[PDB]
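Presented below is the structure to which this report refers.
Order of writing sets the labels: A, B, C, D, E and F. Residues in every chain begin at 1.
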Amino acid sequence: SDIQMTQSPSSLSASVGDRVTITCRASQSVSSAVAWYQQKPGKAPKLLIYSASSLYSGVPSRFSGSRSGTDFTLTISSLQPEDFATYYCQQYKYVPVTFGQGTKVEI
Amino acid sequence: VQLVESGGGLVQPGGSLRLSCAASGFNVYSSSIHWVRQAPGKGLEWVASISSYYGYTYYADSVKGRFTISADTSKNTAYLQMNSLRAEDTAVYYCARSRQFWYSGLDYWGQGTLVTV
Amino acid sequence: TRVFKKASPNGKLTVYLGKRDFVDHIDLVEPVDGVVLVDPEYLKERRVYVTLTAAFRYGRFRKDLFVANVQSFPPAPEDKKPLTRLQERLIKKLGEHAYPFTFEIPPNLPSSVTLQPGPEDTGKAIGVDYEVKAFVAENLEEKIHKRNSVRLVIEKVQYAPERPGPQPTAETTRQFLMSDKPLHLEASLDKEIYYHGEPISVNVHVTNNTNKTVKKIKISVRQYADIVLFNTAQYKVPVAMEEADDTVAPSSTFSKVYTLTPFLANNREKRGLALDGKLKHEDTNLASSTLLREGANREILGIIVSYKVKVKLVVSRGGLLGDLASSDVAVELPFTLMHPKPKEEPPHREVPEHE
Amino acid sequence: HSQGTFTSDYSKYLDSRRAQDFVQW
Amino acid sequence: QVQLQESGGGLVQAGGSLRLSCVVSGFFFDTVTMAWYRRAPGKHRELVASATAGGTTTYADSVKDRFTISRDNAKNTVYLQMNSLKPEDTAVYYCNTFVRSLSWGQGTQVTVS
Amino acid sequence: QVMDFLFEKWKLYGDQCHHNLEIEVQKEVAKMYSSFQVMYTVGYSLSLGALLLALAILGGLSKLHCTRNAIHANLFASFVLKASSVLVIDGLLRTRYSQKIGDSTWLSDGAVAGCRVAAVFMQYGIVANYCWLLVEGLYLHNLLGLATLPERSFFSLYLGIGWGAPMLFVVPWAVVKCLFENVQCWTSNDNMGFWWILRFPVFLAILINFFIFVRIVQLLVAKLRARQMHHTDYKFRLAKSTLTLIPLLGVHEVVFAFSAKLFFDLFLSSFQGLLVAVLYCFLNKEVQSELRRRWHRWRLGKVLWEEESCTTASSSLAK
């Protein structure tokens, strides 16, 4: 029974600076082992947050994450032009580490 | 810190490639090494992991038995021996890094080399 | 945030714990906070007690080293201790039936440290650990069953100090047979504070201006565990070992460095190795060094873990045959191996769970 | 030696026994 | 190996009546107290009704005299009634022991019309 | 030579003959001296094991680095050599005599083949036994007396006075052993002047120790009052053990040189090995303290290694 994590919104279209919210569910309950990653075309993925509540070093403060039960949400206060990229989910509670389907924002 | 990996290219089914991952600024005993591949146009996927401090070695179900991962602490490099390719296994492989103690996600990632079958 | 729960087998009792581990400082220890819930229609002429007993397990027995009794029953004493923010926050969510409890661990107490059982050893724990239990009893002398009480296990850990200390160095001079020049050996480390898994480096400056030649140089790291139950006894554990077939010619100088790393991947088969306290069967790393006030041991009655790298310089006894003749010149370099200051609560299990 | 002389005195007992040994045979 | 299965839920108009029920297999609540926990969109669980094995029923101040709760040992199911519904009472209803034990489930959501 | 004389007379009488054609005293000496023979044999045998056991502790343990205690171990090598020498010579002499009894004297082959080598060692051991009593007295002189140099540059001379004296004074007796005596083991009582070359090296060692003994006791007693810190450290521990071995061993032969007396001497001489072993290797505090340290570790190891609880959950919390 491998854990399958799916994100309902395939892609988000938004202007510059508007509030954008995302969701990311998991088939099986995970306590806090959730990490958020982003990547750009022709570039390596970069970590954004870990444990769904903590903030990594060197990341702008506009990135915020939270958890409520079984789903996990990533919220961006102000959408800077450089933030237009693709975002992924990840769980690391068990050895079958599975990533999210993948969400891309553009404008 | 920055790490670079290479050793990929076009191959034929049934071939074998060895992927070298040079690491600088950290060792393999205090930092687990993970390999993540991404299919063209698809999402991310984890294939193998290694933790030299405890000796634990894990592989994905789709690559179980085929792939053997080893870390040489002498030159501080991560090595992945992959064999018996099919068409569906082609992707770009990223040699990422994670903290062995106080795991907080894949903080560091490699440059990435494309593998074509 | 999230909390921890330990439901009673009968479902009529539970305990809420804010966090598992508790950092123990040089002089004060972080207090243990929590809230215990007792179901209604179950406290009539009934009392609730919470204990923080700590014992050193023997095998198959145990010896109590610190026990504290606090009464969280609906009958409350007139002298009420102040409630922390975490305890007060749980009161609102849980309800008015929630009964907070507090603990004060005395200073100069052994930390949660265990030892490797061995190949043929059973699953019983051999090290020391801290236990939190909640039960209902008319009095202390009243017997408490197993299914009518909870059993929460916690650990006490220490973190590396933020103030770097002096660089460790050693000096020695061992005179050979009646007529010979003195033998000088030097050994030092770059720093004394090493994180778990971080490499360790030792520098050697040996100048043997004597007839006797120098055999292979031995580099080793040894772990100290002075387990005391009724008598003081120490143990030896060569966690890291290095082989160097280099030699020093008579009346010549030498200088080289060596790098090692202590881990239990190759030390699993060893018996008696000290490891950090484990709540479950999940394995941990090597036991961290135990900081002490150094004023007085005062029979702490526990396990104290110390680390120091030892260099051995064996002489080949040049001159006569001396096939079995060999003198070991050695010095000890104390150092500290502890976890750094964290920013989050550690998961007390392997983060990727094999299941 | 004081005891050494006494040990030499035992030789007379062996010498006497040797004479008896020939007599017995 | 305990599981929580509950029935009841749908679109009903204000001041209606439903038959929210749940069955608890495995562990038997012969003596321990059963409670019916309430959720809220964007908020946490909060208690509204808790029934015991002796009939000592209690209700929250905000949900005072709104309805009644009942329990029965046979087939170990407990019931809960809808009376004087208001639009602010729209969320998923949870059933659990007073100690929040017994493998907290998911339930079904009920809304006003 | 009594047995040899009878054999020579018997052989001559037999050849010539062919050409022509107090009971009680023996019973007392046999029974009584058997008790005396075993009286000192048990003392040496018990001391032989004790000396080997004491030597094993010093060599086996890691405390051999210090020269203060290591010098005691090499002194024990003289006691074990003397104790073994007396044991082997008694057995070989008993074996040689028993062979002549039941197991006509030239037929037996091998009587004193091991007696000569054992006799010289037995004389070597006793003279070297008090030679090392001299080095201990002078070595302790520069620990509790005025000194500046560390325990170095004197160890070379220590071996030159321990076995050095029984290297040019015992070898003249080796020449005299075969020359002018040659009495079947080179040990006899024909002339009392030959013992003067053995006792005088022993006598010289005893008197020179008395010169040291008076000097060392007056220096310590005078300095004991102000800043000696008695019994606090190893400085006083060596004083108790050494200052009692020097006179007790020295006067043992002084009164003897100047059968009730025979029993007392053998009884005292048999226990000399036991007395030196307990004072230097057993009654000493640091060796005693370290000995129980390993005993504690062995005992502690045995006791440690002898051959529906619901799971933890979690819940949300409002900030």
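The rule is simple: contacts are C-beta pairs under 8 Å (C-beta built on N, C-alpha and C of every residue); 3 or more make two chains touch, one makes a residue touch a chain.
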item	value
Set of chains adjacent to chain D and to chain E	F
Pair joined by more contacting C-beta pairs (C-F or C-E)	C-F
Distance-maximising chain from chain A - centres being C-alpha averages	D
Innermost chain, taking as reference the mean of every protein Cα atom displayed	C
Centre distance in Å when chain E and chain F are each reduced to the mean of their C-alpha atoms	95
Whole-Å separation of chain centres (CA-atom averages), chain C against chain D	78
Centroid spacing, where centroids are CA-atom means, of chain A and chain E in whole angstrom	35
Centre-of-Cα separation between chain F and chain B, whole angstrom	73
Multi-chain contact residues (two or more partners), chain F	310, 313-318
Residues of chain E whose C-beta touches two or more other chains	44, 100-101
For chain D, residues that touch 2 or more chains besides their own	none
Contact footprint of chain C on chain A as seen in their complex	31-33, 51, 53-54, 92-95, 97
Complex interface listing, chain F residues touching chain E	310, 313, 315-318
Touching residues (chain side chain F, partner chain D) in the complex	1-3, 6-7, 10, 26, 29-30, 33, 93, 97, 100-101, 104-105, 187-189, 262, 266
Residues of chain A defined as touching chain B within the complex	2, 35, 37, 44-47, 50-51, 54, 56, 88, 90, 92, 95-102
Contact footprint of chain B on chain C as seen in their complex	195-199, 261, 263-265, 268, 283, 285, 339, 342, 344, 346-347, 350-352, 354
